[PDB]
Amino acid sequence: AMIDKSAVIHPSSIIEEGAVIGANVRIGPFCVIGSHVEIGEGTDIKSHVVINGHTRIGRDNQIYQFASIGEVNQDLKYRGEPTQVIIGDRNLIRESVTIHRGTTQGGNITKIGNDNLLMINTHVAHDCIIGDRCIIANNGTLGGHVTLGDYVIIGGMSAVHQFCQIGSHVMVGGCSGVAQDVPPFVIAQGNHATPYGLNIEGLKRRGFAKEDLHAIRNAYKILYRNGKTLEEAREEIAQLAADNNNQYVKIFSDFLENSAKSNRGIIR
Amino acid sequence: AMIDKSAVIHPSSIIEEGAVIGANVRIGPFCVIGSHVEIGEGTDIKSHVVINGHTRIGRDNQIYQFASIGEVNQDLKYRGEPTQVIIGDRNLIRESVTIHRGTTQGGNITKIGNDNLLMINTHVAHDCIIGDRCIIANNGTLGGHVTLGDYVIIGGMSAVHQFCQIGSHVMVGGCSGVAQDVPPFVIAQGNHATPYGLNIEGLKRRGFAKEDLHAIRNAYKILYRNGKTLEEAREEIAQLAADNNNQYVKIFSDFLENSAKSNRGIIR
Amino acid sequence: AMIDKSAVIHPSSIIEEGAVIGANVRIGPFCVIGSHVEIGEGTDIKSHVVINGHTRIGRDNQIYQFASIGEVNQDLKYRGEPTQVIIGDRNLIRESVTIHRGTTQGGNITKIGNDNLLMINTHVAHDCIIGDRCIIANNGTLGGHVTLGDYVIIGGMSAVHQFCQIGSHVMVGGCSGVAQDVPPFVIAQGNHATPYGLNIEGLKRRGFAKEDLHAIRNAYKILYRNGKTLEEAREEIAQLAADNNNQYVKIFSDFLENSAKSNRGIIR
Ligand SMILES: O=[P-]([O-])[O-]
């Protein structure tokens, strides 16, 4: 009925009545799909996969064996509310990845964008927000309410503490504990993680203009290397966004203005 | 015969003859339950769960997908003896948790008390002892013969080496390696882990009176921050428990006396 | 039919036409075995195991539940070529281990020898080579193209960066990140991992004579404890193996010469 006739579902799998399976979807054996799951066109699901909850999965995703998507979260305040997982298009979700449903107190939604790679045993906790083209290496873990920007790389066996915000194009080294906000374009390394410079080797593969590197490093220099306080290093970078009007300096500025709304602070 | 009438087992799951299944038990699809397994009343077991060995599971437990309970341990000295896993009541056992059976050389039993939370990918090795109301965050690992007191918190991606004793109300930070014994009420962080004062945030969360806090803190000053040796600190703390009859100073000295029977020592 | 008649396969498992299964093989329920898999005599495969790709498994292996062997690797330059996994005899492959197929760019093969122990959640990436009698503790991770000699120990929650070479009889401590090559017989620990003398307990457990220990201790001092550059020590170490003809100094020397053909260097 609600299963598209072009979908290929292995007979051994259990598809709960009410699940929406799009065109050209493939589902392997020994899967369990909940009655509120929606799976977009072209998505490929291997064997031994569990998908439940109010979960929306987009187009052309690949979900490998022993993955768990949309499951009850690990927050002790969750009370069975119809919270959601929302996954975009063309994501790679490897073996034993866990993506838990959100909480009402945290915004109701755990959200993942497009073109992401979640390696083996990646955990995405309740109410996380992952942008586009991110990579979380093996055993990576995001705490509750964690926000990732675009083109973020989380190294292997690294954890981001709850509520922390990771700016776009950040690289977190392997075996690193992130306990504060990480401004965009910077390398985070250590336990707890500290700024290790800019992600220059990564920004160059993205195709950044040479004099856009200098504008970004100026904001990094003002924030970390000029010996100024948070508010004073924030006034200067915000002034550069209006005088020189560099799109990356404004992004680097927008992050610090949003991090000022909370008592987390930034890594230093 | 041994399966209660009110239990609901999914027809795809495999239950060997001899498995004792209590009332109001729910077993999801694609499970394997061994012939020497006992499931207490009200326990909920999701899909894709493996439970074998001589395993006793109490009441109102929740065991999520891809968990393994009672399986052959990773000790090379084990030779197939009918050793046991014992799990208490109201435990939350999340995805991909492994709980292995004991060894005859270690005491024959891997034991877990009540009201514990074992997060995703938690490992409990052979002959471990876990008390009540403990929390092991994602990827936490207990080596063989490890003992956890009550209300212990092990941070994410942390490891307790074999035979080590973790006192009650201890908080182990994330990505920390515990190599020696941790006295009760203490925060331990690092690899190898070192003490960082009292777990004041946990104690005030559990309704500790202000007099009990200053009593425990004084016992901490005697142990670490007074220059007195381990033998001298044990003498004074034992004299405090006998004179003042404080229930938590007693727990503090008792741990030190039991740790004195071994050569590991305490963290410092 | 290439399934041997003495093999015992649970009817719920999916054995695709083309899989070759030797005599006395046992396969538990809910397994998926691909059409290009070969399984050798006496090998025990528990439940919920996925084995696919062009994968040859030797004799008397023990593969536990939720393991994945031969799956598409995480290298984003891979393009579905028929690459291989080769696993030797008498290996212990614990729960949720992942072993990925090779890449055409890196030698086409992921290879594992005999008598190895891969503990829970071990990851063996594409094109890795593991020798004999190695132990990888819980949550250990080998990046792409990593080589392990014989009798190697990787501590729990430790990661070996891609292309790095680990010499024989090395013990990598728990929660360590190996970013360069590790000469044989060396204890490596830290993040990044640095050398801390010889694996004396490992060598003595394997019956190393004291004359062998003194020669290895002597080769260690030349490389690390005499201020000699890499070119100097490598030439002097190669002179010791030619003169004294100590079989372990030669292994020590051969590793340094093979590592010199690359630019990763050695830990220090
Ligand atoms: O990096 P992991 O040992 O905390």
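Structure determination for the deposited model, as stated in its record, used X-ray crystallography, and the stated resolution is 2.190 Å.

Asks: Got a sec to walk through the relation of the copies chain A and chain C? Specific residues and values, please.
Replies: Between chain A and chain C, which share one sequence, the superposing operator has a rotation angle of 120° and an axial displacement of 0.1 Å; the RMSD is 0.3 Å. One copy is carried onto the other by what is essentially a three-fold rotation axis.

Asks: Provide a residue-level description of the pattern of salt bridges, including the pertinent values.
Replies: Between side chains of opposite charge, pairing is possible as soon as their charged atoms come close. Applying the stated criterion to the full structure yields 24 salt bridges over all chains. Between B:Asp44 and B:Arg26 there is a salt bridge, and its shortest N-O distance comes to 3.6 Å. Of this pair, B:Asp44 sits in strand β7 (residues 44–45) while B:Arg26 sits in strand β4 (residues 26–27), and the two are 18 residues apart along the sequence. Members of the salt-bridge network, linked through shared partners, are A:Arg90, A:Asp115 and A:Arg133.

Asks: Outline the domain arrangement of chain A, listing residues and values.
Replies: Interface size is commonly expressed as the accessible area that is lost once the parts come together. Residue and element names in this part refer to chain A. We note that the domain assignment places domain 1 (1–197) and domain 2 (198–268) within chain A. On a C-alpha basis, the centroid separation for the pair domain 1 and domain 2 is 29 Å. Each partner contributes residues to the interface: domain 1 has 24 residues there, and domain 2 has 23 residues. Buried surface at the junction of domain 1 and domain 2, both sides included, amounts to about 2,000 Å², of which 68% is carbon and sulfur. Among the residues of domain 1 in contact with domain 2, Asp181, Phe185 and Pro195 are the three that bury the most area, contributing 34% of the side total. Counting across the domain 1 and domain 2 interface gives one salt bridge. Between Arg264 and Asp181 there is a salt bridge whose closest N-O contact spans 2.6 Å. Summed over the shared surface of domain 1 and domain 2, the number is nine residue pairs in polar contact. For the side of domain 1 that touches domain 2, the secondary-structure elements that each account for two or more residues are β24 (165–166), β27 (186–190) and β28 (193–198). Sort the elements by how many residues they give to the side of domain 1 that touches domain 2 and β28 lands first, with five residues.

Asks: Describe in detail the interface of chain A and chain C, supporting the description with residues and values.
Replies: On the side of chain C, 25 residues touch chain A, which itself brings 20 residues to the contact. Counting each side, the surface lost to burial between chain A and chain C is near 1,700 Å², with a carbon and sulfur contribution of 62%. Counting the surface chain A buries against chain C, the share from its top three residues, A:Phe30, A:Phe66 and A:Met157, is 28%. Where chain A packs against chain C, one counts 10 residue pairs in polar contact. Looking at the side of chain A that touches chain C residue by residue, the classes come out as 10 nonpolar, eight polar and two charged.

Asks: Please give an account of the sheet that holds strand β22 (residues 153–154) of chain B that cites residues and values.
Replies: Residue and element names in this part refer to chain B. Sheet architecture is open: 11 strands sit in the order β1-β4-β7-β10-β13-β16-β19-β22-β25-β27-β28, paired in mixed fashion. Each edge of the open sheet is held by one strand with a lone partner, namely β1 (8–9) and β28 (193–198). Sheet topology note: the β1/β4 ladder contains two bridges and is parallel. Looking across to β4, one finds that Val8 is bridged to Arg26.

Asks: Describe the packing of aromatic side chains, listing the residues and the values that go with them.
Replies: All chains considered together, the criterion is met by 20 aromatic pairs over all chains. Between A:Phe185 and A:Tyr248 the ring centres are 5.9 Å apart and the planes differ by 80°, which places this aromatic pair in the edge-to-face class. With a gap of 63 residues between them, A:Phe185 in the loop between β26 (177–178) and β27 and A:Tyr248 in helix α4 (residues 247–259) connect regions that are remote in the sequence. Here A:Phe185 matches A:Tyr248 in class, with each residue buried. Every member of this aromatic cluster is reached through a ring pair, and the members are A:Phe185, A:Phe208, A:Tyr248 and A:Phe252. Note that C:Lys46 overlies the ring of C:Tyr64, its terminal NZ or CZ placed 5.7 Å from the centroid. Sitting above the plane of the C:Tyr64 ring, C:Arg94 keeps its charged end 3.8 Å from the centroid.

Calculation notes
- Residues numbered from 1 in each chain as written, not as in the entry; some residues may be left out.
- Chains lettered and ligands numbered in written order.
- Heavy atoms only, no water.
- Least-squares fit on C-alpha atoms.
- Salt bridge = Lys/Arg side-chain N within 4 Å of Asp/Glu carboxyl O.
- Helix = DSSP H or I, 4+ residues; strand = E, 2+ residues; numbered from the N terminus.
- Domains from an automatic or database assignment.
- Contact = heavy atoms within 4.5 Å.
- Buried area = accessible area lost by both parts, 1.4 Å probe.
- Polar contact = N/O pair within 3.5 Å; in protein donor to acceptor, adjacent residues only side chain to side chain.
- Nonpolar A, V, L, I, M, F, W, Y, C, P; charged D, E, K, R; others polar.
- Pairing = 2+ DSSP bridges.
- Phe/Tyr/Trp six-rings, centres within 6.5 Å; stacked < 30°, edge-to-face > 60°.
- Buried < 20%, exposed > 50% of the residue type's maximum accessible area, 1.4 Å probe, protein only.
- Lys NZ or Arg CZ within 6 Å of the ring centre and 35° of its normal.

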